[PDB]
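The chain contents come next:
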Amino acid sequence: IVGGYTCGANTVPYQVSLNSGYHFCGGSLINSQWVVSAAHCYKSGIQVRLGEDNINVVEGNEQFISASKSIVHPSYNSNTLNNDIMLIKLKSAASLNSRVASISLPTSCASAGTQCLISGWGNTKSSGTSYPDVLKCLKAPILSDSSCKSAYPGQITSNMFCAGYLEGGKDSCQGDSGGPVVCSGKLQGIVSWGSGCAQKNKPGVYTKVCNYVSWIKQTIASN
Ligand SMILES: NC(=[NH2+])c1cc2nc(-c3cccc(-c4ccccc4)c3[O-])[nH]c2cc1Cl
Ligand SMILES: [Ca+2]
């Protein structure tokens, strides 16, 4: 997260870190046994780390659980990143509490101008690589579809939306991918892609979760 702030330990209880010996992507807990992340964050050997703040220090509250299976969306396109969503089933259910809680799925899509909270342990520099130990937060609005398509002509599908600041300076970045975009307490987006981080007129693009609620529910119900 570039231009953001320290969230505060466990103030984002649904945030998870996907780990394979290092943190590579974020994700969101939606119930005690399933996490939603981005399809391009898929790899085998994933350990989901819940209740984290400093990802390099066991401070207490952490629960490390192995993924039993990862389900990348069948229509995920790695060249366009269209349908960039994946569900991860945990080997055992997590113990929920105030520090580890799930976030709700939306019932309707959000409108432009909605202010949302984006969080993660991704890079904090626009130019260079500086990864933080603790969780960073950023409040950012959903942009209009016309501004998004103007920024990324020909690359935005109806399963994506832009959020951020066109002036640059504040944005999500590498390492934040797969993590949550929460608006009014509902999970509306997943950190997906953008051109660089915090560049002027190049906002972040997020997977539009409201278009996948039936898919998520049906997939969880049959697995
Ligand atoms: N808001 C943005 N401008 C942005 C920049 C990103 N940059 C990345 C990114 C860059 C290189 C590698 C990865 C990566 C993907 C999968 C696994 C590990 C790293 C990224 O997510 N993801 C990004 C996601 C966003 Cl939304
Ligand atoms: Ca820790």
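Cut-offs used in this document
- Residues numbered from 1 in each chain as written, not as in the entry; some residues may be left out.
- Chains lettered and ligands numbered in written order.
- Heavy atoms only, no water.
- UniProt positions renumbered as here; feature names shortened; annotations may be inferred.
- Helix = DSSP H or I, 4+ residues; strand = E, 2+ residues; numbered from the N terminus.
- Donors = N, O, S within 2.8 Å, 3.2 Å for Na, K, Ca; no water.
- Buried < 20%, exposed > 50% of the residue type's maximum accessible area, 1.4 Å probe, protein only.
- Pairing = 2+ DSSP bridges.
- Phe/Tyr/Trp six-rings, centres within 6.5 Å; stacked < 30°, edge-to-face > 60°.
- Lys NZ or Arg CZ within 6 Å of the ring centre and 35° of its normal.
- Near = heavy atom within 4 Å.
- Polar contact = N/O pair within 3.5 Å; in protein donor to acceptor, adjacent residues only side chain to side chain.
- Areas by Shrake-Rupley, 256 points an atom, 1.4 Å probe, with all protein chains shown as cover.
- Domains from an automatic or database assignment.
- Disulfide = S-S within 2.5 Å.

- For this entry, the PDB record names X-ray crystallography as the structure determination method and reports a resolution of 1.50 Å.

### Regarding the UniProt feature "domain: Peptidase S1" in the protein chain
No. 1: Sequence positions flagged by UniProt for "domain: Peptidase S1" are, in local numbering, residues 1–221.
No. 2: Annotation note: span residues 1–221, helix share 7%, strand share 33%, distance between end C-alpha atoms 34 Å.

### Overview of the coordination of the calcium ion (ligand 2)
No. 1: The protein atoms donating to the calcium ion (ligand 2) are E52 (OE), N54 (O), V57 (O) and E62 (OE), with metal-donor distances spanning 2.1 to 2.3 Å.
No. 2: What makes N54 buried here is its relative accessible area of 11%.

### What about the sheet that holds strand β13 (residues 204–208)?
No. 1: A sheet is described by the order of its strands in space; here seven strands give the open sequence β1-β9-β8-β11-β12-β13-β10, paired in antiparallel fashion. With one partner strand each, in any of the chains shown, β1 (5–6) and β10 (160–163) form the two edges of the open sheet.
No. 2: Alignment of strand β12 (residues 186–193) against β13, held across four bridges, turns out to be antiparallel. Its bridge partner lying in β13, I190 is registered against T207.

### Observations regarding the packing of aromatic side chains
No. 1: Enumeration according to the criterion identifies three aromatic pairs in this entry.
No. 2: Where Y22 meets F24, the ring centres are 6.2 Å apart and the plane angle is 55°; that geometry is what we call tilted.
No. 3: Here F24 falls in the buried class, since its relative accessible area comes to 14%.
No. 4: Against the face of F24 rests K43, its NZ or CZ located 4.1 Å from the ring centre.
No. 5: Between the NZ or CZ atom of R49 and the centre of the ring of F64, over which it lies, the distance is 3.9 Å.

### Examining the site of ligand 1
No. 1: Around ligand 1, the structure places 16 residues, and the nearest of them are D171, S172, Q174, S177 and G196.
No. 2: One of the side-chain N or O atoms of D171 is found 3.0 Å from a nitrogen atom in ligand 1.
No. 3: Within the contact set of ligand 1, a nitrogen atom lies 2.9 Å away from a side-chain nitrogen or oxygen of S172.
No. 4: Relative to its unbound accessible area of 540 Å², ligand 1 is 76% covered by the protein chains.
No. 5: Of all elements in the fold, only β3 (23–31), β12 and β13 reach the threshold of two or more residues within the shell around ligand 1.
No. 6: Residue contributions to the shell around ligand 1 reach at least three from each of two domains, namely domain 1 (1–12 + 103–210) and domain 2 (13–102 + 211–223).

### Points about the UniProt feature "disulfide bond" in the protein chain
No. 1: With sulfur atoms 2.0 Å apart, the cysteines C7 and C137 match their UniProt disulfide annotation in this structure. With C7 in the loop between β1 and β2 (15–19) and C137 in strand β9 (residues 136–141), this residue pair connects regions lying 130 residues apart in the sequence.
No. 2: You can see the UniProt disulfide between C148 and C162 is made here, since their sulfurs are only 2.0 Å apart, below 2.5 Å. Taken together, the residues span a long stretch of sequence, with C148 in helix α1 (residues 145–151) and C162 in strand β10 at a distance of 14 residues. Taken as a pair, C148 and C162 share a single burial class, namely buried.

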